[PDB]
2 protein chains.
Amino acid sequence: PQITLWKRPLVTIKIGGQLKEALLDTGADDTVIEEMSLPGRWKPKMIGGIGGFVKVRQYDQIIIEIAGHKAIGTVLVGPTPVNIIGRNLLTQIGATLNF
Amino acid sequence: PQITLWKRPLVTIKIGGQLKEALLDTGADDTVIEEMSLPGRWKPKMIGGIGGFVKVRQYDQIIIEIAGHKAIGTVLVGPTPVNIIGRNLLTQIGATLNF
Ligand SMILES: CC(C)(C)NC(=O)[C@@H]1C[C@@H]2CCCC[C@@H]2CN1C[C@@H](O)[C@H](Cc1ccccc1)NC(=O)[C@H](CC(N)=O)NC(=O)c1ccc2ccccc2n1
Ligand SMILES: [Cl-]
Ligand SMILES: [Cl-]
Ligand code: NA
């Protein structure tokens, strides 16, 4: 698809068998999802957003479908108002910005 | 241009007579620039993201050049660690996300 930006670039993702809404974010280095259960061990990570730094749980090698495109990569879990798909996964689905 | 997402999508902007580097940010509703003076009226605003909220000054009808493309819109000025070009100006330069 070609997605314009007049509204938020929200898509459906599938993770852990469940469907969620998420934002395609070229400004995010990483992918951050609201509290949910994921398999395996996690590692600590501190991420910085516009209002300051927050602690999250880093899960590696997680299967995730993004607007029907399959990816397997790192997902950060923590308190966020919006699920964010960052560049680590945008590059797996072959997304570019064009003007 | 086509911009890949292997790295942060940073471009040069001209704003208020100054050259700056800024992030093309599809996950930002607003354009937020580090502290600088701009002409005309402003009003206070709180904006949020990861980590909470920050107080900014809202300047309306500000011209900006983004990678060579002129646009006008609202610009927020405040203590952001990175200058961000959000959707309000990305639409004006015809930016799309493609995959
Ligand atoms: C997600 C994470 C990996 C932490 N990356 C970032 O957060 C990087 C950090 C960079 C350095 C600090 C300055 C911002 C840039 C770009 N951001 C990405 C950037 O795209 C970020 C992602 C995001 C979206 C929605 C909610 C939270 C977070 N957007 C934002 O921070 C913008 C700022 C704005 N007012 O325009 N927020 C929003 O547009 C926005 C949208 C919906 C909301 C709902 C409730 C509360 C707040 C909400 N904020
Ligand atoms: Cl605007
Ligand atoms: Cl358009
Ligand atoms: Na003005």
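All values below come from the heavy atoms of this structure, side chains included, with hydrogens, waters and symmetry mates left out. Reminder, nothing fancy here: chain letters follow the sequence lines and each chain counts from 1.
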Quick one: which residue pairs count as a ring-ring contact (aromatic ring centres under 6.0 Å, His included) with a foot in residues 6-25 of chain A, not counting sequence neighbours?
none
Sequence neighbours left out, what pairs pass ring-ring contact (aromatic ring centres under 6.0 Å, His included) with at least one residue falling in residues 78-99 of chain B?
A:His69-B:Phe99
Identify each donor-acceptor pair in which a side-chain atom of residues 7-21 of chain B lies under 3.5 Å from a protein atom, sequence neighbours left out, and give them as a table.
from    : atom 1 : to      : atom 2 : distance (Å)
B:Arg8  : NE     : A:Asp29 : OD1    : 3.0
B:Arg8  : NH2    : A:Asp29 : OD2    : 2.9
B:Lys20 : NZ     : B:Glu34 : OE2    : 2.8

Could I get the full list of side-chain hydrogen bond (donor to acceptor under 3.5 Å, both in side chains) partners for [X], not counting sequence neighbours?
X: B:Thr96; value: B:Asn98
X: B:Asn88; value: B:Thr31
X: A:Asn83; value: none

Would you name the heavy atoms of A:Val56 and A:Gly78 that are closest together and state the gap between them?
CG1-CA, 4.2 Å
Between A:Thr26 and B:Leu5, is there a side-chain heavy-atom distance shorter than 4.5 Å?
yes
With a 4.5 Å cut-off on side-chain heavy atoms, are A:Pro81 and B:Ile50 touching?
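They are in contact (side-chain heavy atoms under 4.5 Å apart), so the answer is yes.
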Kindly work out whether a path of hydrophobic side-chain contacts (I/L/V/M/F/W/Y, heavy atoms less than 4.5 Å apart) joins [X] to [Y].
X: A:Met36; Y: A:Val32; value: no
X: B:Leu89; Y: B:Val82; value: no
X: A:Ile93; Y: A:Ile3; value: yes
X: A:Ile84; Y: A:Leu76; value: yes

Under the 4.5 Å side-chain heavy-atom rule for ILVMFWY, direct or indirect, which residues accompany B:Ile72?
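Members other than B:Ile72 - counting any ILVMFWY side chain reachable under 4.5 Å - are B:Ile63.
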Set of residues satisfying side chain to side chain contact (heavy atoms under 4.5 Å, CB included) with respect to B:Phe53, sequence neighbours excluded:
B:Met46
Could you go through A:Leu90 and A:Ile85, starting from their C-alpha distance and side-chain angles, then the distance that decides it, and tell me whether this counts as side chain to side chain contact (heavy atoms under 4.5 Å, CB included)?
CA-CA 7 Å; A:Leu90 294 172; A:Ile85 308 303; 4.0 Å; yes
[atom1]-[atom2] distance between [X] and [Y], expressed to the nearest 0.5 angstrom:
X: A:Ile47; Y: A:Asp30; atom1: CD1; atom2: CG; result: 6.5 Å
X: A:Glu65; Y: A:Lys70; atom1: CD; atom2: NZ; result: 10.5 Å
X: B:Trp42; Y: B:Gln58; atom1: CH2; atom2: CD; result: 11.0 Å
X: B:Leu97; Y: B:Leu24; atom1: CG; atom2: CG; result: 10.5 Å

Do any pairs count as a salt bridge (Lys or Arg N to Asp or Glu O under 4.0 Å) and have a residue in residues 35-56 of chain A, sequence neighbours left out, and if so which ones?
A:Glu35-A:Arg57, A:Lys43-A:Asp60
Could you go through the side chain to side chain contact (heavy atoms under 4.5 Å, CB included) check for A:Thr80 and A:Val54 one step at a time?
CA-CA 10 Å; A:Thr80 172; A:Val54 299; over 6 Å; no
